[PDB]
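Visitor: Below you'll find the structure I mean.
Please treat every number below as a calculation from the coordinates, not as lab data. No Cβ is skipped: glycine too gets one built from the backbone with ideal geometry, and neighbour counts run over all protein chains shown.
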Amino acid sequence: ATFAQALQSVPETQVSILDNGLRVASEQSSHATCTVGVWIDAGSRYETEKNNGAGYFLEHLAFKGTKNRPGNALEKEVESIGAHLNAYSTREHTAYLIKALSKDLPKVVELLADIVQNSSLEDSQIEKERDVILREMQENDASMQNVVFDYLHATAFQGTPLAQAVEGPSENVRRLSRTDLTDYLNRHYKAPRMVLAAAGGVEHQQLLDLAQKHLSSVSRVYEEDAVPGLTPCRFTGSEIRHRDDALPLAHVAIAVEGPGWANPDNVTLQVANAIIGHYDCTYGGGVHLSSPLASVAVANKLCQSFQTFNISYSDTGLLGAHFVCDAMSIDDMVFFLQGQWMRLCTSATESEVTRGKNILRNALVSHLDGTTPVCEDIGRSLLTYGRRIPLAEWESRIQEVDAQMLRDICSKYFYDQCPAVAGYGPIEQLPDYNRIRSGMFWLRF
Amino acid sequence: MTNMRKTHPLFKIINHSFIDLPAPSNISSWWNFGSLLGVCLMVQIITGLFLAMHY
Amino acid sequence: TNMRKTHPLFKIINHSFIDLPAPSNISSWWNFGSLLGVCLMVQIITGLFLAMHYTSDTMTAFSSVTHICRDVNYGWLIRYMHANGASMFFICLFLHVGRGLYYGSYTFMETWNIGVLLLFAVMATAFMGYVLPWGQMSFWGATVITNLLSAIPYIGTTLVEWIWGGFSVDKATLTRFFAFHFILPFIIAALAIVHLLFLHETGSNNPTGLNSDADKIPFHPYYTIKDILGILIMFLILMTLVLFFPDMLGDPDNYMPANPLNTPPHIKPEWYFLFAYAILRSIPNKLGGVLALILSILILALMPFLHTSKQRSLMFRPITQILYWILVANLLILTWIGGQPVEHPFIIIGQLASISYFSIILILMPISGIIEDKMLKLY
Amino acid sequence: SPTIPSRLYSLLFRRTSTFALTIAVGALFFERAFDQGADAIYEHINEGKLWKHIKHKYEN
Amino acid sequence: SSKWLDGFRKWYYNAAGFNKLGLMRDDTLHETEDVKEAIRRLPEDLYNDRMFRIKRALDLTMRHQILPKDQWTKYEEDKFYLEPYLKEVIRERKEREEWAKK
Amino acid sequence: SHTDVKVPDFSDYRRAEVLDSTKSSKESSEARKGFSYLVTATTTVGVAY
Amino acid sequence: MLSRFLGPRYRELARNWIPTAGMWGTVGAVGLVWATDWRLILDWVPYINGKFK
Ligand SMILES: CCCCCCCCCCCCCCCCCC(=O)OC[C@H](COP(=O)(O)OCCN)OC(=O)CCCCCCCCCCCCCCCCC
Ligand code: HEM
Ligand code: HEM
Ligand code: HEM
Ligand code: HEM
């Protein structure tokens, strides 16, 4: 069987629209377990720096009780069937998802009926979640990777709603009140911004009947009739450097502005990342990895680990690399990393393009294994693209990438650009911004 | 692959002295005079070399 | 605490001459390298004491040199040790390059290339210094070799008018040659510093060619007193060559004043150029002769890419030893032929000598290396 | 419309080899223009005094 | 090949002269990356024997002496200890080079 | 807190075309690079002359 | 291409880098005729020929 018709044998996601504008999408497979979730366009980018932690505080409180099921009884409704109830919030998308069995498919929709509609916010829960979130961020600032990524968003998107963290500053956490959470729920938990996704052993018609009978009362109507626009954000080439020499080793991330979701050359950028890839100190290949950055990083013992990311948002994003290493090699890692980017702008040959295409194909198919990743892709794709892209379309878009358009796209996005730098730890040998800006181009080109 | 700036020996010497030399950030215009003395010494060598061709 | 390892100026001297690891089995040939440095200092020092009385003017250059010999206190001593020290400098230089060729020392490619740059610089310095006393042979040798340097079409005539500073060799050429001859040994000294710096990253070679890291000794006190003994032997040879035969290597025709209308019956350079001269006139085409001189001196630069054996030294290669000694014999024959006039049978001997020289360096030594590799059952 | 510095960056200043070619050709044209202009300023400030202004009475 | 080539090999082994310093053939090989890796892959016994033979040869060439004739390395007893390691290193380098070609 | 930090106001220093925070970049970056590299190219031309 | 640079990949590197090397050679030739004031090639252009070098 050829890969194309094997990819065509995957069942298609079925999408339908209620009269509220809420989208309902399902994908059917042969599993005995299903994953049902609600995806809302309500992140930290929709906040106005006085409700900067409203989404995090709400997603803390969302499993603490409704106006019909008071508190822990809701927990029993999840725990007496073995379902796993989960939630997360990015800067743009907020998901409440749950994994259960198929026989419990109606009743569990009931939970997603009243999690996003009839949340009850008791005040004792408000101060309890207030100091829980305070010690949660006091725990989370120890993780240097989250600190570096939040610093990168702070220095890359200065003065924009996309710089602020999902959790927000500590002063708002001690300042969010009941009415502000009510206003956030009224403005952002509306009907046309919500996608009910299901993956696994579900049928689309039964899911539609349950979705109608439960979520037909979601608002669709505005409070003050003022549409919250999702404005463009100004990327700013800059640096931020937090020097703390007591830390054992440093985390450094360098990014440039990338296109987002709607631009198809994102797929080309993914192949570029698949040329450079990732490396960790606990790998197995050694010096014989195909990535030249990883091979030189294990040959000279430069870094503890590095990875490449392509983070996207509405018409914007970040595209770059993040490495943790000891201090004495930091600039050398930068030099080698920058050199790899310049090769992808100048000397891209078909062998590494074929290798990166194969890596992206295998990673893309193997990522969509499991009802929870399939439901995540359905909800995120209908929030971002407005439709679910079948994997055959992804295969057709991948197959059109050769070396010429790869180095064209990489010269567009990487060559002679102003990056955003975020360093944390013993970063004295991290070079000054003029050295990185000089490393963004070659004099031999 | 290596870095020819930090491994080649005379490139290592000029990298230590001229490229990756840690200098204070706040030194004023009075610190330009050492390089001025060096380049004026070089000007004296070159102009005297061309003067001694006919003297 | 100690100044030998912590003081930033004495640390360099300790790293280069005191606690430097050197092979324990290097022969006397290695002393030649230090001898070259000593000759450089000697030349510079003696050159400075010639410069306190030399007058760079075509009317008063020959007269100034005679005034140095006849009226300056011990001025004859300084002039003749400058001349015979140039000769001893070229002797030590030739044996240094022969040591580099025989014991496979050209695999230090950066050291070898800074070496051939040094060789070019000292050949030009000795040329302009020989022009400086402004005798018959100085004027006519300068005119001959610069006029044949002019052989390049559309470029060489403007270059020779620029070098001469006029229609032919005149006072401007003499003064600019004095300035260039004074200033070139300091670029030579700096290039020797870079030469030693490029050497010291990897250490010296040994006559066996093997890794001497199993047995190395400090430079002090062993090679200190060995190079002192070599300096004393060299000063014996040099002072015998000054105090007893002061013009055996010289040319008597340089003792007449430069008459521009008196073409000598023979025109020669000094002996250390003569072999290249015999490669120059071995081809009856001026572009071919000048370019063949350039290849005859730059085949040393081409030498590290003509190495084919899996061994390094010639100590265990008898056929390539035979080819090397045939090459040295051919070089001696080329020197004798360049001394000789352009008559029968010197023209055919010089042609066969240059052909065999280029054939031995270019073709025959890699063939001998691969033959010995096949002979030792490894290829 | 795209601006004049935008077209200059996208067409000439992006690569380094085109940057160097632009610098060389601009140096040629600029030495021609600058030498002619500075020379013309020099005879406009010193009219009737240079030899070129007075090589008409005696040149014949 | 039968009669005198082996005899000429014996005569050339005597004439080259590394046997009278106690060296084997593979001790005389000039180091490259391949030879250094092959030396690095040697076991401890052969490595120590090689390094002792090398420094004994350097001691002998210091004093401009040779070994006594009974201590000269015999042509038949000369073992080629290194060349399987060197051939394996050369083979894997050729594999890496031909992969880098395509 | 790592979320308590934010970049201070650079509106005294940044250029006029990048002053507006609600307008995306990559529309005027070519003009800024062209202006700065035009200054660099013109002083290189003068130094070469 | 001494012994082991012969392959499709180094052919692709050459096809990527000959345009850059050609542009650099154009830079070198223009700099040569600019600095040396060459009589053959600088006498074709209309602008520079006002001073006739
Ligand atoms: C098979 C040989 C047997 C020899 C036996 C000798 C007696 C043995 C018993 C007594 C012991 C004596 C001392 C032993 C010394 C070491 C061993 C030995 O004899 O080696 C022979 C020696 C080197 O051996 P190998 O390299 O194999 O010889 C190849 C020949 N080309 O090779 C030689 O000595 C031969 C050297 C010949 C060189 C001829 C050079 C002719 C060309 C010179 C041109 C010069 C330039 C001329 C001008 C050119 C332009 C016109
Ligand atoms: C021959 C002329 C001289 C040359 C070429 C020369 C060269 C230099 C250079 C290149 C520097 C480093 C750059 C700088 O700090 O300006 C320097 C610094 C210095 N020089 Fe000199 N120098 C000369 C004369 C002197 C003299 C006469 C003195 C002593 C009075 C002196 C004392 C110093 C000191 C103390 C510094 C360090 C100042 C600092 O670090 O702030 N120099 N010189
Ligand atoms: C090694 C390099 C140098 C050479 C070859 C050199 C050569 C000469 C020559 C030939 C002259 C005579 C020309 C004339 O006087 O009109 C001269 C004059 C002079 N030199 Fe130098 N010189 C050198 C370096 C210096 C330096 C470093 C200085 C000090 C800054 C210096 C100061 C002078 C002065 C003051 C004069 C007198 C100028 C005059 O009155 O005309 N020279 N030099
Ligand atoms: C200007 C004259 C020269 C000077 C002052 C000079 C100086 C030196 C010195 C001091 C050494 C270290 C001592 C030694 O090992 O002998 C040396 C070694 C060396 N030189 Fe030169 N050198 C000169 C010319 C050359 C030339 C012309 C060449 C190239 C043919 C050359 C190639 C080498 C090499 C290859 C070594 C390494 C010795 C070894 O490890 O076998 N030198 N030189
Ligand atoms: C900076 C150092 C040097 C100075 C100032 C210098 C200066 C002079 C002067 C003034 C003369 C002419 C006086 C005379 O001919 O007796 C001369 C001649 C000469 N120099 Fe030098 N010299 C220097 C270094 C050298 C070196 C390194 C060499 C060797 C390559 C050399 C080779 C000669 C030769 C061959 C002559 C001609 C000797 C003769 O009259 O036959 N000089 N030098």
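Visitor: Please report E:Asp27, A:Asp315 as a ranked list, fewest other C-beta atoms within 10 angstrom at the top and most at the bottom.
Guide: Final ranking by Cβ density, sparse to dense: A:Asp315, E:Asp27.
Visitor: Still on this structure: Which distance in Å, rounded to a whole number, links the C-alpha centroids of chain B and the stretch A:34-62?
Guide: The two parts, judged by their Cα centres, are 59 Å apart.
Visitor: According to a simple spin-label model (label point 7 Å from Cα along Cα-to-Cβ), what is the distance in nm between C:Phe245 and G:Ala21?
Guide: 5.4
Visitor: How about chain E: which GluC sites (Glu not before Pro) there are in a DSSP loop, with at most 11 other Cβ atoms within 10 Å of their Cβ?
Guide: In loop regions of chain E (DSSP not H, G, I, E or B), the sparsely surrounded GluC sites (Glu not before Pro) are E:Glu76, E:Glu77.
Visitor: For chain E, take the longest principal axis of its alpha carbons; what is the angle in degrees between that and the long axis of helix E:83-101, to the nearest 10 within 0 to 90?
Guide: Taking the Cα atoms of chain E, the angle to E:83-101 is about 30 degrees.
Visitor: Of all the stretches in chain C, which is the longest one without any exposed loop site, taking GluC sites (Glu not before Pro) in a DSSP loop (any state but H, G, I, E, B) with at most 13 other Cβ atoms within 10 Å? Walk me through the numbers before you get to the answer.
Guide: Working: sites that count: C:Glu201, C:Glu343.
So the longest stretch without any such site is C:1-200.
Visitor: In addition: On a 0 to 90° scale, report how tilted helix G:8-36 is relative to the longest principal axis of chain G, with both axes built from alpha carbons and the result rounded to the nearest 10.
Guide: That works out to roughly 20 degrees.
Visitor: Quick one: give the max-minus-min coordinate of the C-alpha atoms of the stretch C:50-168 along each principal axis, largest first, in Å.
Guide: Principal axes ranked by extent give 50, 46, 20 Å for the Cα atoms.
Visitor: Continuing with this model, one more query. For chain C, what does -39500 (n - 2.57) per DSSP helix run (n ≥ 4), summed and divided by total residues, give at 222 nm, in deg cm²/dmol to the nearest 500?
Guide: -20500 deg cm²/dmol
Visitor: With n ≥ 4 as the cut-off for DSSP H runs, can you work out [θ] at 222 nm for chain E, using -39500 (n - 2.57) per run divided by the number of residues, rounded to the nearest 500?
Guide: Taking each H run of at least 4 residues, the total per residue is -18500 deg cm²/dmol.
Visitor: If I build a Gaussian network model for chain G, linking alpha-carbon pairs within less than 10 angstrom, which residue out of G:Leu13, G:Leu32, G:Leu42 has the largest mean-square fluctuation?
Guide: G:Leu13
Visitor: Step through the residues of the stretch C:358-374 one at a time and calculate ³J(HN,Hα) from phi using the Karplus curve (6.51 cos²θ - 1.76 cosθ + 1.60, θ = phi - 60°), rounding each to whole Hz and writing x for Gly and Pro.
Guide: 3J(HN,Hα) across the stretch C:358-374, in whole Hz: 5, 6, 6, 6, 7, 9, 6, 6, x, 5, 5, x, 6, 5, 5, 5, 5.
Visitor: For a protection proxy built on the mean count of beta-carbon atoms within 10 angstrom, sort D:20-32, F:30-42, B:21-33, C:125-137 highest first, please.
Guide: C:125-137, D:20-32, F:30-42, B:21-33
Visitor: Okay, next question. Rank the residues C:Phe219, C:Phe89, C:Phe186 as a footprinting-exposure proxy: fewest other Cβ atoms within 10 Å of their Cβ go first.
Guide: By the 10 Å Cβ count, ascending, the order reads C:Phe186, C:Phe219, C:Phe89.
Visitor: Turning to a different aspect of this structure: Got a sec to turn the phi values of the stretch B:40-55 into Karplus ³J(HN,Hα) couplings, 6.51 cos²θ - 1.76 cosθ + 1.60 with θ = phi - 60°, whole Hz, x for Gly and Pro?
Guide: 6, 4, 5, 4, 5, 4, 5, 5, x, 4, 6, 6, 6, 6, 10, 6
Visitor: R0 = 22 Å: FRET efficiency of C:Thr263 with C:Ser63, Cβ-based, nearest 0.05?
Guide: Once the sixth-power term is evaluated, E becomes 0.45.
Visitor: Note down the nm distance, to one decimal, between modelled labels 7 Å out along Cα→Cβ at A:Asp245 and at A:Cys281.
Guide: Output for this residue pair reads 2.2 nm.
Visitor: Please give the average number of partner chain Cβ atoms lying within 10 Å of the Cβ of each residue in E:15-24, rounded to a whole number.
Guide: Shielding by partners across E:15-24 averages 3.
Visitor: Shifting gears a bit: For A:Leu443, A:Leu22, E:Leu46, which order do you get if you count the other beta carbons within 10 Å of each Cβ and list the fewest first?
Guide: Ascending number of Cβ neighbours within 10 Å: A:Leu443, E:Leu46, A:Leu22.
Visitor: Can you find, among A:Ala163, A:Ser29, A:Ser119, the residue farthest towards the positive end of the dipole of the stretch A:3-215? Put +1 on the C-beta of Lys and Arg, -1 on that of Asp and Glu.
Guide: Positive-end residue among those listed: A:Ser119.
Visitor: Out of residues 5 or more away from A:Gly317 or on other chains, whose amide H comes under 5 Å of its own, with H placed 1.01 Å from N in the peptide plane?
Guide: For A:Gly317, the qualifying residues are A:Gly258.
Visitor: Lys/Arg Cβ at +1, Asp/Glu Cβ at -1, dipole of chain E taken about the Cα centre: which of E:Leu82, E:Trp11, E:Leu23 is farthest positive-ward?
Guide: Value computed over the given set: E:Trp11.
Visitor: Let me ask another. Using a cut-off of 9 Å between beta-carbons, work out the net charge of the residues near D:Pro5 (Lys and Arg +1, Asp and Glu -1, D:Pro5 not included).
Guide: Charge balance in the 9 Å sphere: +2.
Visitor: Post the alpha-carbon centroid distance, the stretch A:294-351 to chain D, in whole angstrom.
Guide: Going from one Cα centre to the other spans 46 Å.
Visitor: Shifting gears a bit: Kindly provide the Kirkwood hydrodynamic radius of chain A in Å, to one decimal, from all pairs of distinct alpha carbon atoms.
Guide: So the Kirkwood estimate lands at 23.7 Å.
Visitor: Can you bin chain C into rounded, prolate or oblate? Criterion: square roots of the alpha carbon gyration tensor eigenvalues sorted a ≥ b ≥ c, rounded for a/c under 1.5, prolate for a/b above b/c, oblate for the rest.
Guide: It is oblate, given that a/c is not under 1.5 and a/b is not larger than b/c.
Visitor: Determine, from the Cβ-Cβ distance of A:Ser143 and A:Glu428 and an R0 of 22 Å, the FRET efficiency 1/(1 + (r/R0)^6), rounded to the nearest 0.05.
Guide: It comes to 0.50.
Visitor: Please list the radius of gyration and Dmax for chain D, considering alpha-carbon atoms only, with Å as the unit.
Guide: Expressed in Å, the Cα Rg and Dmax of chain D come to 20.1, 60.
Visitor: What average number of partner chain Cβ atoms lie no more than 10 Å from the Cβ of the residues making up E:48-57?
Guide: Shielding by partners across E:48-57 averages 3.
Visitor: To the nearest whole percent, what portion of all C-alpha pairs in the protein assembly as shown is separated by more than 43 angstrom?
Guide: Roughly 60 percent, once rounded to a whole number.
Visitor: Only helical DSSP H runs with n ≥ 4 go in: add -39500 (n - 2.57) per run for chain A, normalise by residue count and round the 222 nm mean residue ellipticity to 500 deg cm²/dmol. Working shown, then result.
Guide: On the way: 17 runs with 187 residues, N = 445.
-12500 deg cm²/dmol, from helical runs alone.
Visitor: Next question. When the Karplus curve 6.51 cos²θ - 1.76 cosθ + 1.60 is applied with θ = phi - 60°, which whole-Hz ³J(HN,Hα) does each residue of the stretch A:222-227 get, with x for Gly and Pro?
Guide: 8, 7, 9, 6, 10, 6
Visitor: Taking amide H positions as placed 1.01 Å from N in the peptide plane, with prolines and chain starts having none, which residues 5 or more places from A:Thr66, or on another chain, fall under 5 Å of its amide H?
Guide: Placed amide hydrogens put A:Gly71, A:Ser120 under 5 Å from A:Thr66.
Visitor: Next up: Evaluate the Debye formula for chain E with equal point scatterers sitting on the alpha carbons, no solvent, and hand back log10 of I(q)/I(0) at q = 0.22, 0.25 Å⁻¹, in q order, two decimals.
Guide: Each listed q corresponds, in turn, to -1.16, -1.30.
Visitor: What number results when the radius of gyration of chain G, computed over Cα atoms, is divided by 2.2 N^0.38 Å?
Guide: 1.80
Visitor: Against the longest principal axis of chain A, how steep is helix A:178-188, in degrees 0 to 90 to the nearest 10, with axes from Cα atoms?
Guide: 80
Visitor: Further question: Rounded to whole Å, give me the distance from the Cα center of the stretch A:132-197 to that of the stretch C:75-142.
Guide: 78
Visitor: Let me ask something additional. List the residues whose amide H sits under 5 Å from the amide H of A:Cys34, counting only those 5 or more places along or on another chain, with H placed 1.01 Å from N in the peptide plane.
Guide: A:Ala100, A:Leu101, A:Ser102, A:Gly201
Visitor: Count the net charge of all other residues whose Cβ sits under 10 Å from the Cβ of B:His54, scoring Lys and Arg as +1 and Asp and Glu as -1.
Guide: Around B:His54, the charge tally is +2.
Visitor: Which one, A:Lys107, A:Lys99, A:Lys64, has the greatest fluctuation when you compute a Gaussian network model over chain A with C-alpha springs under 10 angstrom?
Guide: With Cα springs under 10 Å in chain A, the top fluctuation among A:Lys107, A:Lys99, A:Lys64 is at A:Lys107.
Visitor: OK, next. Using bins 10 angstrom wide from zero, how does P(r) for the stretch A:238-440 break down, in % of all Cα pairs?
Guide: Reading upward from the zero bin: 8, 33, 35, 20, 4, 0.
Visitor: Moving on to the next point. Under 10 Å, Cα contacts only: if you run a Gaussian network model on chain A, which one of A:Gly53, A:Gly82, A:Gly229 comes out with the highest mean-square fluctuation?
Guide: Result for chain A, Cα springs under 10 Å: A:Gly229 fluctuates most.
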